[PDB]
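Protein chains: 10
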Amino acid sequence: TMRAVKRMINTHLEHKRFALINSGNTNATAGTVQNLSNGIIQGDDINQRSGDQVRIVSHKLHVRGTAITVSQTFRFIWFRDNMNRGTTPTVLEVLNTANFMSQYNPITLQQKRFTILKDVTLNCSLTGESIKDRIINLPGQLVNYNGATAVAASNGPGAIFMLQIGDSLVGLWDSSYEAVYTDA
Amino acid sequence: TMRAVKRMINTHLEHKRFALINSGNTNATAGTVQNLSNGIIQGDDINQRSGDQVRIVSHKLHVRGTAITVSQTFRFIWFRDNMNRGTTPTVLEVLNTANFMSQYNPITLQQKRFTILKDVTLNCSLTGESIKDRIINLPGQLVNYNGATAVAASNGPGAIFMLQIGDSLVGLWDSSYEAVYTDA
Amino acid sequence: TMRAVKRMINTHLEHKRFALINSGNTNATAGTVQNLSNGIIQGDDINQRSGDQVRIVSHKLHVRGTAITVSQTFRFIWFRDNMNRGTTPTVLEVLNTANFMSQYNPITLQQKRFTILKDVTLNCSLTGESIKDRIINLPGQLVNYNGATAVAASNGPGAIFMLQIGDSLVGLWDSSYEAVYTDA
Amino acid sequence: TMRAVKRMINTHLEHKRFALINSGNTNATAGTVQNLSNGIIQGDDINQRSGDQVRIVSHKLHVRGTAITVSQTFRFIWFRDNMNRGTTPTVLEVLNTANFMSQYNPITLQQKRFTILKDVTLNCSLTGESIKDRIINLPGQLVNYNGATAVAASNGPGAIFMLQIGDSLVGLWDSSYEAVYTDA
Amino acid sequence: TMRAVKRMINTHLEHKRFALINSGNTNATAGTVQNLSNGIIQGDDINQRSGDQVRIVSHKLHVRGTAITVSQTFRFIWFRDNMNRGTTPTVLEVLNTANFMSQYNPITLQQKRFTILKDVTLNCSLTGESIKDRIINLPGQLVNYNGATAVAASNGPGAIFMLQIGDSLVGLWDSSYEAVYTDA
Amino acid sequence: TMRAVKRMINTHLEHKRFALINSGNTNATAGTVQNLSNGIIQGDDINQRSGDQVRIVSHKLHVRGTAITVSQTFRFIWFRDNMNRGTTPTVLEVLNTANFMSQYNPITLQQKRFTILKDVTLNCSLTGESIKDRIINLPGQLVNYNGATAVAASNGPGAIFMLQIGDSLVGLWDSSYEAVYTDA
Amino acid sequence: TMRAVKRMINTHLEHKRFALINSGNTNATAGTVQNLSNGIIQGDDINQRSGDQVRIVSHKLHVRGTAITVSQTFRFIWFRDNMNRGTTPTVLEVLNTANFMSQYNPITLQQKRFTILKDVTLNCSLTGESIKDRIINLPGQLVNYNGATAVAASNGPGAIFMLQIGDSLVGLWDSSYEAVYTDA
Amino acid sequence: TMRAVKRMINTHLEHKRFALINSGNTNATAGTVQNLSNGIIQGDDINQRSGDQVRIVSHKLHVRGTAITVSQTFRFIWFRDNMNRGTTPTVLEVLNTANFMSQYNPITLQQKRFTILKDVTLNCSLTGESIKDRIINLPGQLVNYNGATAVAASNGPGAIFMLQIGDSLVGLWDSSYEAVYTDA
Amino acid sequence: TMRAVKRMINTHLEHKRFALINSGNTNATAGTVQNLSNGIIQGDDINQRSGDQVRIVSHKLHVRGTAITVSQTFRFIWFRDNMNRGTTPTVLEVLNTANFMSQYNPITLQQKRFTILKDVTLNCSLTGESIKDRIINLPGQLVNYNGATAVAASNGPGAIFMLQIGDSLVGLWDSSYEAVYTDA
Amino acid sequence: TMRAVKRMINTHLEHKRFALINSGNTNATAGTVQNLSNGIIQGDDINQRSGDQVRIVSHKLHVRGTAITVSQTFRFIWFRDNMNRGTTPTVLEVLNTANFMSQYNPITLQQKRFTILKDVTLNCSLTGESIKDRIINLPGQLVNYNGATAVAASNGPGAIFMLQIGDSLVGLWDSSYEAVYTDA
Ligand SMILES: [Ca+2]
Ligand SMILES: [Ca+2]
Ligand SMILES: [Ca+2]
Ligand SMILES: [Ca+2]
Ligand SMILES: [Ca+2]
Ligand SMILES: [Ca+2]
Ligand SMILES: [Ca+2]
Ligand SMILES: [Ca+2]
Ligand SMILES: [Ca+2]
Ligand SMILES: [Ca+2]
Ligand SMILES: [Ca+2]
Ligand SMILES: [Ca+2]
Ligand SMILES: [Ca+2]
Ligand SMILES: [Ca+2]
Ligand SMILES: [Ca+2]
Ligand SMILES: [Ca+2]
């Protein structure tokens, strides 16, 4: 009866929580990669961790894009880095070319360096809907860390990131993230 | 045969009703929390109660947002306060930070101070759809009161509220609420 | 399945509550009869009632006696008046003679005018334990009223009382009572 | 086989322990409320915690009362605050009136703000037994915290307290508490 | 057990990948036909092939249209050429007439020269949403080649193409394609 | 085994095809009725017929509307004339009144003169989406003819038509139709 | 049949006995720890042992307290030292603080250094019962020794002790102990 | 199904790790006792612990001996101290006499003060193999601590040690240790 | 019948082979990491590959150490890098410290960056056996590449390496490797 | 159920222990016979006995030989004397001739005077391994004694001995022995 047991277990483990907000960023045509699970540092508080492992039960991502000056596109790629050794992946590691219309890098998705969680494209128009947002909630996995503080070198296999790329540099995007995890 | 019995029971209890309307309010970037079930005061009429308990069979919420001057966002968070002791919760009790893009306060949602019923975001554009609305109908629960009148001190565990937060202070939002409850 | 049904029913009915305290009374050798359920008057609050009936789910009685000047006895008789027509029963109605060592009145207990809930005797000594108390919790019954206010004429069949009789007039006794009842 | 599994689980979790002693206090006729589980602060020691949750497997309370000058009563009410938001409850929240003979506050026990664990009354006589004590051991529950330090604002839903009220201000009472909890 | 076996087989074959991007093209009222699987040339790299056959496990197509000067329509027809002998099909081979509102050529779809994978129409408005895109993912088939290089003469039966036709010549469209295939 | 047999039968019958396009028409407030299956004339080619009967296996209709000068509505009613005797039905035969908001003619739909296949309404706005289209694919039926050429007198029971009615005379609509039929 | 066999076995082993009395001791506010099983030394008599092991079948403890000058408390903690290496445990090893109202030392009871057999508190009053006693009989266990004589260094794992702590230094306590053990 | 459950449990607990190296030590004819699990101190890192308990899933020991000047013997005794109270055991506690050829101390192994994990003897010859090593991997147990830092007083029941004794004082030995443990 | 099928499959795939020899290397006290599967470059020969994936059916490693000047130790650690992104791992990534007696790096083996295939230690003595060797044969896995040539940047997840570390810099070690793999 | 019973029995009997060490002895070409179980004399301590019988549960023997001046052989014969009448057997009683290469005495092994437990030969070389040792652990038997002290006349049937014979008189051998026995 493996379904039940898994809950008697989880009602004994504390479900710590971590929140993070990243507002008023500009659209990048070359893209940028943001850290989301790196903020969970070693400490004894509710949004911290013990050791170098944590289990995200569920995490939620909220992306918003606002068109300014011109009508543009905003792309948000939520992904898990399965073989991270203490860095923030670059855009050319995930994307074939540093373009918002590009497919994934064939070599890195063949060896499964990354696991694409969600790929969202928002088209903000200055003659229609100039503001668009989207919320995504997903079950989580194991996250390994290589350090105790909130630096790139602390990222480990299972690290959660978000790639942002567009076709303009003038529009603004906002984001928020939340992770519920056990730390037993 | 617990399904049947529950209806023979409910066809004997009077299903009292309460309506409330809250129009022409301005968008708040810091947010505000409105009372919805507090209006049900002690009396012997159809939209009143006897004692300090009532059972909401079903309640409906209607939110509308209108963009003025600028294109903006309107966020409506319908929630139940499970451990209310005679107050109107503040925005920082529900939200991590007083921002419309923010995730929930990790400490208060861990202990389940609140139960989020519905989280609706409406993006009103002055170049597209400047008026948006939304109706939500949900089964209810038990509502406890700590007083007989329509004051904050009368709110109790199970109290129903609505948090409104946006990114402008110039847009207008309207709301209406209805609750069908037994009072046996 | 009459056990279950009885609970689906009771989780729908509001369990109103009434508290009452009666401190610093003197021991009576002739006795006195105190009112306990009479305090529940018509109103729309948590310790009031609708109509002339209520159902006590459970009630608790707390009696305390303190010896002063001499060592004495305190007798507390908690009882239900099953055929009350708007009065406070007298001591000779319950007791055969107005004495603290007396048995019950044979005629009134034969026709079951009363139902003795609890008969407690406390012997307070000024050379031993001069202070004694006792708490008793019991399931309740139906209580009928003949009026809407807290007067003797409002007492009805099922009315709850307490008879106090001792062998001195100098000792002090305290009491408190609580009743949990439905009013559907 | 849910009985077994629950033990294979618990033989893997560390059973941390916390002790506390509160001696030579004076009887209060208005009462006082003492903190018992608040002492468990964030840290990495055996009587500390990680995060804002802990699970008390079992806790024990020891109360002692000594009569001085006069024969008096000592009341100890051990209770769990199920909807605590960062405070030390007051006496009028638990008791109907600030009296040692009083029943519970009808409104707060109807909504189950509190769960009374144990209600002990000790009558110390200066002509009999002037010293009385009592030990109570009970299974525990989940305790939520709202802070990391030992302040009232850190108390959360499941917080354990003790209310002391008497009929004199001259007698002395002592108390000790122990909690065994998991922190996985 | 033909389901299983098909996976033991595929976990032994290398899943090579090919990406391609085609940006800033102008809308054609006469239409144009673009090559998508022709880019997979003979070589020993991850986006190349051995022999003249490959098996596309899955391929994805991304089309975007932007209205410029006028509000217009963009039509994208993703199709497989089942009887290709070394050419890029013309528009009159797929469409009855060189018009964006036209049905398929009755003679060529009767003999099944082509297999229409997806037919997408995007209406870009300069007073509404001027930018629209669409992503389509589909299981693949066998692709035969007639040459080793990326020329039209190398296209073979199973060749994948995309027909673009609109009602203006001023709007811009972008596209990207990805194919995952075995080459055993 | 009537399912199978029906396919062994149909893989023996030639599935002839007919295409037709009708572009740049103006919106009519009184409406117009267009011919769709009348184009299939007697001949020995792929889009012709033998005899006066044909069986449409499936047909597809594509309607497009473009707002010009004013924001308007375009209504398209695809219908089968079951009792046609050699004419193009008028608008008052299908509609109760020659208005785009009107319900069907009660007398002709009671006797089932017509069978409404699809009723599509497109609202083109000059401040939003000014261009809208819609594709509908449906299984067909038997079509009888009363002549050999493409004239109204050749229409017979089962004839397929399209009624177009709007609230302006300035907007433009386009349409295309395709029919796959057997002619055994 | 493991129940029977265990008795055929024990009716073959000699049940040696040891008695000990410790009278007229004074109450200690810091406490003291007394030896109980240490008296069983190597020899060939009825209250001696062979080797460094013995099996206590059952042992009995008798504690008496007498109030002198003031009314006081006497605490007796009968315990087994499971990891003794040749010493008399100190009071701070068993108790958290050297106080008669204190809970057990959290660290030593977590690792199970000790096993509390019985914790008895006697309140002797000079106005009530000034003399109180208590007898406790319990099944025993294995006792290991590290020496042959009656010195602290001879105590081993399973050693039996008694901790005495009070709130006065003037009262007197007496004790007696008996152990029935096998020595096969 | 107790085998499975034990793994669903362990895939939720973080398996912290601790490494330690102790090189260039000289052979002791009287012997020395080294600490191995004492290094795991309270902290929130991967090689630290929370509370005073940990569960070693598996630990590995590596011993190396090098003969210098003369051919000699190196003895390594890996052992668990089951009744440790905050010390580093001495050699005479484990060995009968401080000699490398000696059997275990009869009194301490009878009461099971220690549990010998591994007893390895390496004979290094200067005319043969002068360098010898050995690796041993074993499942672990529960480890209790009495302090938070890396001092002898922090050692508790379950503490892991290594005794080194030889027949020369001139040879050199090296050692390394690793422990994988849960800390839930 | 998944056992059989797996062989019918493998008798169809060509089992390519790669050999490599690395002789006359000096012992390193800081260690070095050698490449073993990197030599398999893109080409169409028997010891080459197509694409960026290969499946090693079985590989064999041969290590030899020769003592020169002094008696020394040679350590060989054969390992698979599961999350390689185009580098040759360093010694501190695998080992806790750059010492031949050291345990593995706790952080990198917790996240399973590496999988230790074999850890061999050879003690070469100049007074005994100065030459020692060892052959190890093991089933293989999937190997991913990030490039087509024999450079560090071509290494991918599944890359096979060998770490060599000793206690002298004067001894010589030799090695050979062979891999049998499919490339379908 | 004779397996179980044998353990319920043995968990009641004290497992006394005896250790003995015999270092720095010279190799004998004529041989010598050493006493091992004779050391267990009558007394009441842990390494003594009661009566003239004991039951060895298990005993362990450790032999070491060191080559000096010349390379030599060391032979160790561990044996039980089943018919001992109060002596130390001579070498010619066990061996056919007083030579280290000799077979057993045919007459004494035919009547089973002795039971050979272990026959170990160690060849110590001064150009190879000059030091060799060996540990042997074996279940025991009944041992009878003929006296109370540690003299040869006290040896009885079941007496344990060790015969040492070599081919040189210059090498040194060491030995240690341990016996675990019951004495019920
Ligand atoms: Ca952790
Ligand atoms: Ca009510
Ligand atoms: Ca009523
Ligand atoms: Ca008295
Ligand atoms: Ca910490
Ligand atoms: Ca916790
Ligand atoms: Ca191929
Ligand atoms: Ca617009
Ligand atoms: Ca026909
Ligand atoms: Ca014994
Ligand atoms: Ca721990
Ligand atoms: Ca040699
Ligand atoms: Ca090639
Ligand atoms: Ca390949
Ligand atoms: Ca003796
Ligand atoms: Ca014996």
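Chains as they are written, first to last, in this note's numbering: chain A, -7 to 176; chain B, -7 to 176; chain C, -7 to 176; chain D, -7 to 176; chain E, -7 to 176; chain F, -7 to 176; chain G, -7 to 176; chain H, -7 to 176; chain I, -7 to 176; chain J, -7 to 176. In this text, a Cβ means the ideal position worked out from N, Cα and C, and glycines have one as well.
Taking CB atoms only, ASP44(I) has a neighbour in chain A less than 8 Å away. Under DSSP, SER168(B) forms a beta bridge with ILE13(B) and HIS54(B). A heavy atom of ligand 7 is found nearer than 7 Å to the CB of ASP175(E).
Within the model, the alpha-carbon separation for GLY150(I) versus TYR169(I) is close to 16 Å. Within 9 Å of the CB of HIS4(E), no CB atom of chain A is found; the nearest one sits about 15 Å away.
Excluding five sequence positions before and after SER15(C), the CB atoms of its chain that fall closer than 6 Å to its own CB belong to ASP166, given in chain order.
Looking at the DSSP output, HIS4(G) bridges to nothing.
When rounded, the separation of the alpha-carbon atoms in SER160(B) and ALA20(B) is 7 Å. Taking a Cβ-Cβ threshold of 9 Å, none of the residues of chain F is close to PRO131(E); the smallest such distance is about 22 Å. The set of residues with a C-beta under 7 Å from any non-hydrogen atom of ligand 13 comprises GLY35(E), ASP36(E), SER42(E), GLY35(I), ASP36(I) and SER42(I), given in chain order. The stretch 67 to 82 of chain E and the stretch 71 to 89 of chain A do not touch, with fewer than three beta-carbon pairs separated by less than 8 Å. Relative to ligand 8, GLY120(B) has its C-beta within less than 7 Å of a heavy atom. DSSP places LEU84(I) inside the alpha helix (DSSP H), whose first and last residues are 83 to 86.
Approximately 37 Å separates the beta-carbon atoms of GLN64(G) and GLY139(G); this is outside 8 Å, ruling out the contact. Secondary structure note for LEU101(F): its alpha helix (DSSP H) is the uninterrupted segment 98 to 102. Residue range 64 to 73 is occupied by the beta strand (DSSP E) that includes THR65(D). Apart from the 5 residues on each side of it in sequence, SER94(F) sits with its Cβ closer than 7 Å to the Cβ of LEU87 and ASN88 in its chain, given in chain order. Listed in chain order, the positions of the stretch 108 to 132 of chain E with a beta carbon within less than 9 Å of a beta carbon of chain F are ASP111, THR113, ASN115, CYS116, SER117, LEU118, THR119, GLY120 and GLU121. The alpha-carbon of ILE48(I) is positioned some 24 Å away from that of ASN76(A).
Under DSSP, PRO131(G) forms a beta bridge with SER50(G). Judged by pairs of C-beta atoms under 8 Å, the stretch 46 to 62 of chain E does not touch the stretch 38 to 53 of chain I, as fewer than three such pairs exist.
Inter-segment contact for the stretch 1 to 13 of chain G and the stretch 28 to 42 of chain G is present: three or more beta-carbon pairs are separated by less than 8 Å. Just measuring C-alpha positions, the residue of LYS(-2)(D), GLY35(D) and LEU114(D) sitting nearest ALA142(D) is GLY35(D). For a cut-off of 8 Å, the C-beta gap from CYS116(D) to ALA171(D) is around 27 Å, too long to register as a contact. Chain-order list of chain J residues neighbouring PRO81(H): empty, with the shortest C-beta distance near 18 Å, by a criterion of under 8 Å. Identification of chain H residues near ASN27(J) by a Cβ-Cβ cut-off of 7 Å yields none; the smallest Cβ-Cβ distance measures about 16 Å.
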